[PDB]
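Peer 1: The following file, protein-v4.pdb, comprises PDB, N, CA and C atoms and all ligand atoms:
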```pdb
ATOM      1  N   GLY A   1     111.646 110.349 102.202  1.00  0.00           N
ATOM      2  CA  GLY A   1     111.883 111.167 101.027  1.00  0.00           C
ATOM      3  C   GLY A   1     110.730 111.118 100.044  1.00  0.00           C
ATOM      4  N   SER A   2     109.550 111.528 100.498  1.00  0.00           N
ATOM      5  CA  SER A   2     108.363 111.523  99.651  1.00  0.00           C
ATOM      6  C   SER A   2     108.317 112.771  98.774  1.00  0.00           C
ATOM      7  N   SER A   3     107.650 112.657  97.629  1.00  0.00           N
ATOM      8  CA  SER A   3     107.534 113.774  96.699  1.00  0.00           C
ATOM      9  C   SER A   3     106.546 113.449  95.582  1.00  0.00           C
ATOM     10  N   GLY A   4     105.652 114.392  95.299  1.00  0.00           N
ATOM     11  CA  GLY A   4     104.665 114.188  94.255  1.00  0.00           C
ATOM     12  C   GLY A   4     103.637 113.136  94.626  1.00  0.00           C
ATOM     13  N   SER A   5     103.082 113.251  95.827  1.00  0.00           N
ATOM     14  CA  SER A   5     102.085 112.299  96.303  1.00  0.00           C
ATOM     15  C   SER A   5     100.678 112.747  95.917  1.00  0.00           C
ATOM     16  N   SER A   6      99.923 111.841  95.304  1.00  0.00           N
ATOM     17  CA  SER A   6      98.560 112.144  94.880  1.00  0.00           C
ATOM     18  C   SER A   6      97.556 111.251  95.602  1.00  0.00           C
ATOM     19  N   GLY A   7      97.506 111.378  96.925  1.00  0.00           N
ATOM     20  CA  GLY A   7      96.586 110.577  97.712  1.00  0.00           C
ATOM     21  C   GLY A   7      95.374 111.366  98.167  1.00  0.00           C
ATOM     22  N   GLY A   8      94.480 110.706  98.897  1.00  0.00           N
ATOM     23  CA  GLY A   8      93.283 111.368  99.381  1.00  0.00           C
ATOM     24  C   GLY A   8      92.252 110.390  99.907  1.00  0.00           C
ATOM     25  N   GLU A   9      91.035 110.472  99.376  1.00  0.00           N
ATOM     26  CA  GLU A   9      89.956 109.588  99.799  1.00  0.00           C
ATOM     27  C   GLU A   9      89.587 108.610  98.689  1.00  0.00           C
ATOM     28  N   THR A  10      90.565 108.275  97.852  1.00  0.00           N
ATOM     29  CA  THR A  10      90.343 107.351  96.748  1.00  0.00           C
ATOM     30  C   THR A  10      90.004 105.955  97.259  1.00  0.00           C
ATOM     31  N   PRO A  11      89.417 105.130  96.379  1.00  0.00           N
ATOM     32  CA  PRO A  11      89.032 103.756  96.719  1.00  0.00           C
ATOM     33  C   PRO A  11      90.160 102.989  97.399  1.00  0.00           C
ATOM     34  N   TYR A  12      89.792 102.014  98.223  1.00  0.00           N
ATOM     35  CA  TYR A  12      90.774 101.207  98.938  1.00  0.00           C
ATOM     36  C   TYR A  12      90.800  99.779  98.400  1.00  0.00           C
ATOM     37  N   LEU A  13      91.904  99.081  98.647  1.00  0.00           N
ATOM     38  CA  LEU A  13      92.057  97.704  98.190  1.00  0.00           C
ATOM     39  C   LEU A  13      93.047  96.945  99.068  1.00  0.00           C
ATOM     40  N   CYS A  14      92.642  95.764  99.521  1.00  0.00           N
ATOM     41  CA  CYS A  14      93.493  94.937 100.368  1.00  0.00           C
ATOM     42  C   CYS A  14      94.625  94.312  99.558  1.00  0.00           C
ATOM     43  N   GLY A  15      95.819  94.285 100.143  1.00  0.00           N
ATOM     44  CA  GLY A  15      96.966  93.712  99.462  1.00  0.00           C
ATOM     45  C   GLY A  15      97.186  92.257  99.821  1.00  0.00           C
ATOM     46  N   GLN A  16      96.119  91.584 100.239  1.00  0.00           N
ATOM     47  CA  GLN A  16      96.203  90.178 100.616  1.00  0.00           C
ATOM     48  C   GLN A  16      95.141  89.356  99.893  1.00  0.00           C
ATOM     49  N   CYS A  17      93.946  89.921  99.768  1.00  0.00           N
ATOM     50  CA  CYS A  17      92.844  89.242  99.099  1.00  0.00           C
ATOM     51  C   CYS A  17      92.405  90.010  97.856  1.00  0.00           C
ATOM     52  N   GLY A  18      92.387  91.336  97.963  1.00  0.00           N
ATOM     53  CA  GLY A  18      91.986  92.165  96.841  1.00  0.00           C
ATOM     54  C   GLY A  18      90.571  92.691  96.985  1.00  0.00           C
ATOM     55  N   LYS A  19      90.109  92.808  98.225  1.00  0.00           N
ATOM     56  CA  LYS A  19      88.764  93.301  98.498  1.00  0.00           C
ATOM     57  C   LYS A  19      88.734  94.826  98.501  1.00  0.00           C
ATOM     58  N   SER A  20      87.598  95.392  98.108  1.00  0.00           N
ATOM     59  CA  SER A  20      87.440  96.842  98.064  1.00  0.00           C
ATOM     60  C   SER A  20      86.696  97.344  99.298  1.00  0.00           C
ATOM     61  N   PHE A  21      87.064  98.535  99.758  1.00  0.00           N
ATOM     62  CA  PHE A  21      86.433  99.130 100.930  1.00  0.00           C
ATOM     63  C   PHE A  21      86.173 100.618 100.713  1.00  0.00           C
ATOM     64  N   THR A  22      85.201 101.156 101.441  1.00  0.00           N
ATOM     65  CA  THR A  22      84.852 102.567 101.328  1.00  0.00           C
ATOM     66  C   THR A  22      85.408 103.367 102.500  1.00  0.00           C
ATOM     67  N   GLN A  23      85.527 102.716 103.652  1.00  0.00           N
ATOM     68  CA  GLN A  23      86.045 103.369 104.848  1.00  0.00           C
ATOM     69  C   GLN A  23      87.511 103.011 105.072  1.00  0.00           C
ATOM     70  N   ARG A  24      88.272 103.959 105.608  1.00  0.00           N
ATOM     71  CA  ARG A  24      89.690 103.743 105.871  1.00  0.00           C
ATOM     72  C   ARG A  24      89.885 102.731 106.996  1.00  0.00           C
ATOM     73  N   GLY A  25      89.263 102.997 108.140  1.00  0.00           N
ATOM     74  CA  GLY A  25      89.383 102.100 109.275  1.00  0.00           C
ATOM     75  C   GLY A  25      89.008 100.672 108.928  1.00  0.00           C
ATOM     76  N   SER A  26      88.062 100.517 108.008  1.00  0.00           N
ATOM     77  CA  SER A  26      87.609  99.195 107.592  1.00  0.00           C
ATOM     78  C   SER A  26      88.763  98.384 107.010  1.00  0.00           C
ATOM     79  N   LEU A  27      89.563  99.028 106.168  1.00  0.00           N
ATOM     80  CA  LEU A  27      90.703  98.368 105.540  1.00  0.00           C
ATOM     81  C   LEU A  27      91.737  97.957 106.585  1.00  0.00           C
ATOM     82  N   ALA A  28      91.941  98.816 107.577  1.00  0.00           N
ATOM     83  CA  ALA A  28      92.898  98.539 108.641  1.00  0.00           C
ATOM     84  C   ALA A  28      92.441  97.365 109.501  1.00  0.00           C
ATOM     85  N   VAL A  29      91.228  97.466 110.034  1.00  0.00           N
ATOM     86  CA  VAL A  29      90.674  96.411 110.875  1.00  0.00           C
ATOM     87  C   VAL A  29      90.642  95.078 110.135  1.00  0.00           C
ATOM     88  N   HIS A  30      90.469  95.141 108.819  1.00  0.00           N
ATOM     89  CA  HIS A  30      90.422  93.940 107.995  1.00  0.00           C
ATOM     90  C   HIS A  30      91.797  93.283 107.911  1.00  0.00           C
ATOM     91  N   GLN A  31      92.829  94.103 107.742  1.00  0.00           N
ATOM     92  CA  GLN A  31      94.195  93.601 107.646  1.00  0.00           C
ATOM     93  C   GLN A  31      94.561  92.781 108.878  1.00  0.00           C
ATOM     94  N   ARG A  32      93.905  93.075 109.996  1.00  0.00           N
ATOM     95  CA  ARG A  32      94.164  92.365 111.242  1.00  0.00           C
ATOM     96  C   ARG A  32      93.878  90.874 111.089  1.00  0.00           C
ATOM     97  N   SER A  33      92.646  90.549 110.711  1.00  0.00           N
ATOM     98  CA  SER A  33      92.243  89.159 110.531  1.00  0.00           C
ATOM     99  C   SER A  33      92.790  88.599 109.221  1.00  0.00           C
ATOM    100  N   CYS A  34      92.857  89.452 108.204  1.00  0.00           N
ATOM    101  CA  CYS A  34      93.360  89.045 106.898  1.00  0.00           C
ATOM    102  C   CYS A  34      94.874  88.861 106.931  1.00  0.00           C
ATOM    103  N   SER A  35      95.315  87.714 107.438  1.00  0.00           N
ATOM    104  CA  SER A  35      96.740  87.417 107.530  1.00  0.00           C
ATOM    105  C   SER A  35      97.131  86.325 106.540  1.00  0.00           C
ATOM    106  N   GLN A  36      96.380  85.228 106.550  1.00  0.00           N
ATOM    107  CA  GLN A  36      96.649  84.110 105.653  1.00  0.00           C
ATOM    108  C   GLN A  36      98.031  83.522 105.916  1.00  0.00           C
ATOM    109  N   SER A  37      98.491  83.635 107.159  1.00  0.00           N
ATOM    110  CA  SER A  37      99.799  83.117 107.539  1.00  0.00           C
ATOM    111  C   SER A  37      99.694  82.231 108.777  1.00  0.00           C
ATOM    112  N   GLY A  38     100.421  81.118 108.764  1.00  0.00           N
ATOM    113  CA  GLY A  38     100.396  80.202 109.890  1.00  0.00           C
ATOM    114  C   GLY A  38     101.284  80.661 111.030  1.00  0.00           C
ATOM    115  N   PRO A  39     101.264  79.908 112.140  1.00  0.00           N
ATOM    116  CA  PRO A  39     102.067  80.223 113.324  1.00  0.00           C
ATOM    117  C   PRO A  39     103.529  80.485 112.981  1.00  0.00           C
ATOM    118  N   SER A  40     103.956  81.734 113.139  1.00  0.00           N
ATOM    119  CA  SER A  40     105.331  82.116 112.841  1.00  0.00           C
ATOM    120  C   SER A  40     106.125  82.329 114.127  1.00  0.00           C
ATOM    121  N   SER A  41     107.435  82.114 114.048  1.00  0.00           N
ATOM    122  CA  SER A  41     108.307  82.279 115.205  1.00  0.00           C
ATOM    123  C   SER A  41     109.322  83.393 114.966  1.00  0.00           C
ATOM    124  N   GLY A  42     110.014  83.793 116.029  1.00  0.00           N
ATOM    125  CA  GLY A  42     111.005  84.847 115.914  1.00  0.00           C
ATOM    126  C   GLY A  42     112.037  84.558 114.843  1.00  0.00           C
TER     127      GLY A  42
HETATM  128 ZN    ZN B   1      92.098  91.162 102.836  1.00  0.00          ZN
END
```
Give the structure from this file in structure tokens form.
Ligand SMILES: [Zn+2]

Peer 2:
Amino acid sequence: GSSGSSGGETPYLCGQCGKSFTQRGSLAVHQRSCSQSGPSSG
């Protein structure tokens, strides 16, 4: 139920460390290693 979305090519920011990125894929690939979480189980 989205409505009134103002997105695009605006600056990016990681929700784990707070690093800035210029490329979209960069933020995604970063989230992979950027976990900061130990061995978790089901
Ligand atoms: Zn990060």

Peer 1: So, counting only C-alpha atoms, which residue among A:42, A:1, A:7, A:15 is closest to residue A:28?

Peer 2: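 Using only C-alpha atoms, the shortest distance to residue A:28 belongs to A:15.
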
Peer 1: For the helix (DSSP H, G or I) assignment from backbone DSSP, which residues of chain A qualify? Please present them as a count of residues only.

Peer 2: 10

Peer 1: I'd like the interatomic distance between atom CA of residue A:23 and atom CA of residue A:38, to a tenth of an Å.

Peer 2: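 Between these atoms lies a distance of 27.7 Å.
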
Peer 1: At a cut-off of 7 Å around ligand ZN 1 (chain B), and using all atoms listed in the file, what residues come up? Please write them as an NGL selection string.

Peer 2: :A and (13-19 or 30-31 or 33-35)

Peer 1: Mind listing the strand (DSSP E) residues of chain A, per DSSP on the backbone, as number ranges by chain?

Peer 2: A: 12-13, 20-21

Peer 1: Please produce a file of those selected residues containing N, CA and C atoms, as a CSV table (one decimal), in the frame of the given file.

Peer 2:
```
chain,number,residue,atom,x,y,z
A,12,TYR,N,89.8,102.0,98.2
A,12,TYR,CA,90.8,101.2,98.9
A,12,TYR,C,90.8,99.8,98.4
A,13,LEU,N,91.9,99.1,98.6
A,13,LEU,CA,92.1,97.7,98.2
A,13,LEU,C,93.0,96.9,99.1
A,20,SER,N,87.6,95.4,98.1
A,20,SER,CA,87.4,96.8,98.1
A,20,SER,C,86.7,97.3,99.3
A,21,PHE,N,87.1,98.5,99.8
A,21,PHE,CA,86.4,99.1,100.9
A,21,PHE,C,86.2,100.6,100.7
```

Peer 1: So how far away is atom N of residue A:10 from atom N of residue A:22, in Å?

Peer 2: 9.6 Å

Peer 1: Rounded to one decimal place, report the atom C of residue A:32-atom N of residue A:11 distance in Å.

Peer 2: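 Computing it gives 21.0 Å between the two atoms.
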